[PDB]
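Engineer: as they sit in the full assembly, here are the leading chains:
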Amino acid sequence: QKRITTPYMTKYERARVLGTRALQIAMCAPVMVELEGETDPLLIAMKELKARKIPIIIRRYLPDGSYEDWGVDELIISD
Amino acid sequence: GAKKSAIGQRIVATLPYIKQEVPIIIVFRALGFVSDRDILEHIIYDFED
Amino acid sequence: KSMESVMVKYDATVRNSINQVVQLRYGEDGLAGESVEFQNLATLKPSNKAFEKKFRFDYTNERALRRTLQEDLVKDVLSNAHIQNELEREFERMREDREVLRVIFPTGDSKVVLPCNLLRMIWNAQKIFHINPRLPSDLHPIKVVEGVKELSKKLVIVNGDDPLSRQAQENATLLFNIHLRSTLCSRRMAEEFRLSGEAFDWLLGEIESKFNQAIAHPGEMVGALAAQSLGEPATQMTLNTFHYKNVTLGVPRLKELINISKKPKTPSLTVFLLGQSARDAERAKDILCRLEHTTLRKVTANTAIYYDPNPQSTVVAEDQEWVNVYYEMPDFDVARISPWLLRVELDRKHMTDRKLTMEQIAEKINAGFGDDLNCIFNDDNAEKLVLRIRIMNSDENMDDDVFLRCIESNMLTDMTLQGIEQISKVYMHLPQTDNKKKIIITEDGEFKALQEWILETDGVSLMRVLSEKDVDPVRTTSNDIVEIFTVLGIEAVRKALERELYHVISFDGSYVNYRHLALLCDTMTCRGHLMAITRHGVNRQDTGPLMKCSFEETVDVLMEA
């Protein structure tokens, strides 16, 4: 274990996760929510975050060379 | 300086087309007027001062 | 261009580009300068009686306790020694913090910047639940105490269990916990606020949730953010502040702080006075004259080189009396008597203003130059103060006339009567503001300000001014920072630079947050010595080759590489 970092998804990781997941949807990736008449590839990627169902892992690099991997499901969404 | 502290400041001149500074009494004598009673009447106009 | 790559790393430390730690926590607290605001302490300013009157919660009245609490709790508070004991220790934990605040904030102000507002959060909870401040409440006090404890436990800035990581946490959230304990005490929240039981858990749950989102975010480019936060208030700075004696402020003072160039346009050390000399103007003026530099040509009227081949000749008419009454006591006729004389006249106006008379002059013009000179003098009852000097005749058994003129032209400028050589003019005044006053804490515990004489000079040599008597060696300082670097150290440079930045920023009533000043004056004095933010300041660091090629010496340093 020994996770020394914060359990809150910071401001910058939320802006990069939403950008990458939106670009994957535009290239025909399978979605993971029951959308209703939604078409914008960035509006969908935002309601996947509200449902904690984005399949991406974040690797935080400590300044001594180590790292640890947090699943986006495990983080407390700031907003 | 422990030398000119007593005498004081010296009037100098920097003529054109020459490298070094020149004292004024020298350039006065180069026009004639070698005596020091004749030089000091072109520069001081009344000897009650 | 200096501070481009400083940022917050994922363990909450503010590191450089080569991972050189700059701060163990951002802004020494760990919070972003975006979700904070002004509040009041309300514990340091009151007196020792009003304090114990407003923060005590006595429990032996039986009728006011009946007025504020319900009947269920008023019989339990009066009939339990454990409760009465636990209500007695919170006051002790409060008095200690009251005593710590008085040394953190010595001046006595109460306006601080902190996380989530507390009075507004109490006002909100007083209306989400329709609190009627007219009836007895149902909030048991030992619930308030233990709830505040448990809340204080869940506010971690430095998460760890071992010491040196369990005391830095107590150092980080030291002020906020004091504020939280003084605002949510048991007396106040049963007397003024009168919150219910339901309305207290809400407040506790909201404090924590609006604190945890004030912590800084791991990755924000803190360095560049603090470099334009100070530069744009440099635009509001006045160009040359002549409308205000002489002080340098504005953007020229800023770039006198930007670099640490040896030449401030008006170096000046402000001085404060320790004894009753700080009170009465006469001792202040005497130490004033004792500090100021005074040469000889300031106390002389005119001088004349006479010719006495014999001391009885006395060419000038009236000096024969005193020179003669010396002459019937004739000493030092060892080798000859020099026919060349030097006569000096003095101005008692300039003499007495410095409390000088020609006795001390007479010994020091001898003791200090040699014994080649010999001074006889008048008595000051005579209106004009003259003293005559001859060379020591041991030299007469290079002309002596030109030598005597050299000595005459040399002593009136190299006299060194009193004071320190470099400080030229020293003023005197007592301020009216609370900036330079002497604030004391009286016996009853109130902040009282006192007017005291201070002195300000034009010229700096502090190591000697500090060593003198009846001059406060603690509070005396100078506005030049290389001098403090050589004299006081490196941390003193840090704090003095911070103070001068604050004073130049807050000159026209403006305001800039503290984290930016702290970060700047910390990255500016990090490698031990004072490196200016200049051309050849960032040139000598542990930086890569491809950054020094972006600055005007690409090819030579890259050939070296």
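Structural biologist: Sure, I can see it. Numbering: from 1, shown residues only, chains lettered A, B, ... in the order given.
Engineer: now the strands for the chain?
Structural biologist: No chain was given, so I picked chain A. Using DSSP state E, the strands of chain A run over A:8-9, A:57-61, A:67-71, A:76-77.
Engineer: switch to chain C, please.
Structural biologist: Along chain C, counting by DSSP E, strands occupy C:7-8, C:14-15, C:21-23, C:37-40, C:111-114, C:270-272, C:300-304, C:342-346, C:373-377, C:385-391, C:438-441, C:447-450, C:454-456.
Engineer: can I get the ones you listed in CSV with distance to chain A and mean neighbour count?
Structural biologist: In this view, the C-beta of every residue, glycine as well, is placed from N, C-alpha and C. What follows is the strands of chain C, written out as CSV (distance: least, CB to the nearest CB, whole Å; neighbours: other CB atoms under 10 Å in any protein chain shown):
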stretch, distance to chain A, mean neighbour count
strand C:7-8, 10, 20
strand C:14-15, 6, 19
strand C:21-23, 9, 17
strand C:37-40, 20, 14
strand C:111-114, 21, 14
strand C:270-272, 43, 19
strand C:300-304, 71, 15
strand C:342-346, 73, 20
strand C:373-377, 73, 17
strand C:385-391, 76, 21
strand C:438-441, 42, 12
strand C:447-450, 41, 14
strand C:454-456, 48, 20
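Engineer: would you turn those into CSV with distance to residue C:218?
Structural biologist: Rendered in CSV, the data for the strands of chain C read as follows (distance: least, CB to CB, whole Å):
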stretch, distance to residue C:218
strand C:7-8, 5
strand C:14-15, 11
strand C:21-23, 14
strand C:37-40, 24
strand C:111-114, 22
strand C:270-272, 43
strand C:300-304, 73
strand C:342-346, 75
strand C:373-377, 77
strand C:385-391, 78
strand C:438-441, 41
strand C:447-450, 41
strand C:454-456, 47
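Engineer: next, the contact list for the residue lying closest to residue C:490 once chain neighbours are set aside, please.
Structural biologist: Closest residue in space to residue C:490, ignoring its immediate chain neighbours: residue C:525 at 6.3 Å, by CB to CB, 6 or more residues apart in numbering or on different chains. Residues near residue C:525 by CB atoms under 8 Å, 6 or more residues apart in numbering or on different chains: C:490, C:493, C:494, C:497.
Engineer: ok, the last one - contacts?
Structural biologist: Right, the one you point to is residue C:497. Residue C:497 neighbours (CB under 8 Å, 6+ apart): C:257, C:481, C:521, C:524, C:525.
Engineer: apply 6 Å and report the result again.
Structural biologist: By CB atoms under 6 Å, 6 or more residues apart in numbering or on different chains, the contact set of residue C:497 is residue C:521.
Engineer: likewise the third one?
Structural biologist: With contact set as CB under 6 Å, 6+ apart, residue C:494 has these partners: C:521, C:525.
Engineer: the second one too?
Structural biologist: By CB under 6 Å, 6+ apart, the residues touching residue C:493 are C:481, C:484, C:485, C:525.
Engineer: which one of the residues you listed sits closest to chain A?
Structural biologist: Nearest to chain A among the contacts of residue C:493 is residue C:525, at 22.3 Å by CB to the nearest CB.
Engineer: could I get the phi/psi values of the closest one?
Structural biologist: Taking degrees, to the nearest 10, you get phi -130, psi 50 for the backbone angles of residue C:525.
Engineer: any idea how far residue C:313 is from it?
Structural biologist: The gap separating residue C:525 from residue C:313 is 70 Å, by CB to CB, to the nearest Å.
Engineer: likewise residue C:490?
Structural biologist: Distance from residue C:490 to residue C:313, by CB to CB: 67 Å.
Engineer: likewise for residue C:522?
Structural biologist: 76 Å.
Engineer: neighbour count winner among those two?
Structural biologist: Taking neighbours as other CB atoms under 10 Å in any protein chain shown, residue C:522 and residue C:313 compare with residue C:522 leading, 17 against 14.
Engineer: what residues are up against residue C:487?
Structural biologist: C:462, C:463.
Engineer: extend the structure above with chain D:
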Amino acid sequence: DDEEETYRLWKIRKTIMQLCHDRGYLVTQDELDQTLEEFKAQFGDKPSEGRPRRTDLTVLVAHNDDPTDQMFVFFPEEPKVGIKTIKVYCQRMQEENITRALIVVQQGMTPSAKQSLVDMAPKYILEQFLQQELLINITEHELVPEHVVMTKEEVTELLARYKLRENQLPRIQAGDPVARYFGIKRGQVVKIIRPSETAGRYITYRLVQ
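Structural biologist: Chain D added:
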């Protein structure tokens, strides 16, 4: 004069009795608050042609944790100090078996003497001061925070808690007034404790190199 001279010698003495108390030596309590007239009666009224000769002023102290390691302080007599004059002291240390020594230089020293002290590195470490600098305790100034030197067991706890090296700390050169007041050598870490207005208290560390 001598009234100025009996005042200075008392002042400079009172400063050193704290400087050695900070370094962790044992100094009796009343020696710290030795008032002027008490000093004037003990060592002599005046040093001008007097009993206080700038010798009879020297001090020898022993450490708290260990009675063997001792420190000496010398007050040279000449304005500027020569070569064998310190070897006179080096001999005085050689005879008494003391390595920690100080010399309160009066007005200056010679460049040859500057060479003569940097040579005995592994033994007989001496600190050179000035008469002027010891006239005031800078540690009690307003701007100067509180420094504390850390043992070599504590320093290895930092670098293992914050997972640091020793190159990544803030640095301080061993030539500034507080680096010498505490007698600090390269490779040591000093701890600064200052109060701040946002948190209340902040502890920073410095590496002396």
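Engineer: please re-evaluate the contacts of residue C:497 in the presence of chain D.
Structural biologist: Contacts of residue C:497 by CB under 6 Å, 6+ apart are residue C:521.
Engineer: not counting its neighbours along the chain, what's nearest whichever residue of chain B sits closest to chain D?
Structural biologist: Chain D sits closest to residue B:2 of chain B, with a gap of 23.6 Å, by CB to the nearest CB. Residue nearest to residue B:2 in three dimensions, not counting chain neighbours: residue C:406, with 6.6 Å by CB to CB, 6+ apart.
Engineer: just give the nearest non-adjacent residue to the closest residue to chain D within the stretch 101-250 of chain C, would you?
Structural biologist: Going by CB to the nearest CB, chain D is nearest to residue C:174 of the stretch 101-250 of chain C, at 3.3 Å. The spatially closest residue to residue C:174, leaving aside those adjacent along the chain, is residue D:200, at 3.3 Å (CB to CB, 6+ apart).
Engineer: the one you found: neighbouring residues, count only.
Structural biologist: 22.
Engineer: wait, what's in contact with it?
Structural biologist: C:104, C:174, C:175.
Engineer: picking up where we left off before, tally of neighbours for the residue of the stretch 101-250 of chain C closest to chain D?
Structural biologist: Counted with other CB under 10 Å, residue C:174 comes out at 20.
Engineer: give me the element residue B:25 is part of.
Structural biologist: Assigned by DSSP states H and E, residue B:25 belongs to helix B:24-29.
Engineer: so what touches that helix?
Structural biologist: So helix B:24-29 is contacted by B:11, B:13, B:39 (CB under 6 Å, 6+ apart).
Engineer: past that helix, which element shows up next along the chain?
Structural biologist: helix B:36-42.
Engineer: can I get that next one in CSV, CA atoms only?
Structural biologist: Extracted C-alpha coordinates of helix B:36-42, given in CSV (Å, rounded to 0.1, in the frame of the first residue of the first chain):
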residue,chain,number,x,y,z
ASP,B,36,53.9,87.4,-13.8
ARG,B,37,52.9,91.0,-13.3
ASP,B,38,51.7,91.1,-16.9
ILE,B,39,49.9,87.8,-16.8
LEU,B,40,48.1,88.6,-13.5
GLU,B,41,46.6,91.8,-15.0
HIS,B,42,44.8,90.0,-17.8
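Engineer: hmm, back to that, what subset of the contacts of helix B:24-29 is buried?
Structural biologist: For those, a burial check counting by 16 or more other CB atoms under 10 Å in any protein chain shown picks out residue B:39.
Engineer: now residue D:109: closest residue in space that isn't a chain neighbour?
Structural biologist: Ranked by CB to CB, 6+ apart and with sequence neighbours excluded, the top spatial neighbour of residue D:109 is residue D:81, at 5.0 Å.
Engineer: again, but for residue C:31
Structural biologist: For residue C:31, the closest residue by CB to CB, 6+ apart turns out to be residue C:214, at 4.7 Å.
Engineer: pretty sure residue D:160 sits in a helix.
Structural biologist: Yes. With DSSP: H, G, I helix; E, B strand; the rest coil as the criterion, residue D:160 is part of a helix.
Engineer: neighbours around it, how many?
Structural biologist: For residue D:160, using other CB under 10 Å, the count is 9.
Engineer: look up how far chain B lies from it.
Structural biologist: 65 Å (CB to the nearest CB, to the nearest Å).
Engineer: what do you get for residue C:405?
Structural biologist: Taking CB to the nearest CB, one finds residue C:405 at 4 Å from chain B.
Engineer: report the distance from the helix holding residue B:25 to the chain centre.
Structural biologist: Chain-centre distance of helix B:24-29: 6 Å, with CA atoms, centre = their mean, to the nearest Å.
Engineer: flag every buried residue along that helix.
Structural biologist: B:25, B:28.
Engineer: just the CA trace of that helix, in CSV.
Structural biologist: Taking Å, rounded to 0.1, in the frame of the first residue of the first chain, the C-alpha atoms of helix B:24-29 are listed here in CSV:
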residue,chain,number,x,y,z
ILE,B,24,47.2,77.9,-17.9
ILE,B,25,50.3,79.9,-17.1
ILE,B,26,52.2,77.8,-19.6
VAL,B,27,49.8,78.5,-22.5
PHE,B,28,49.9,82.2,-21.4
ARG,B,29,53.6,82.4,-21.8
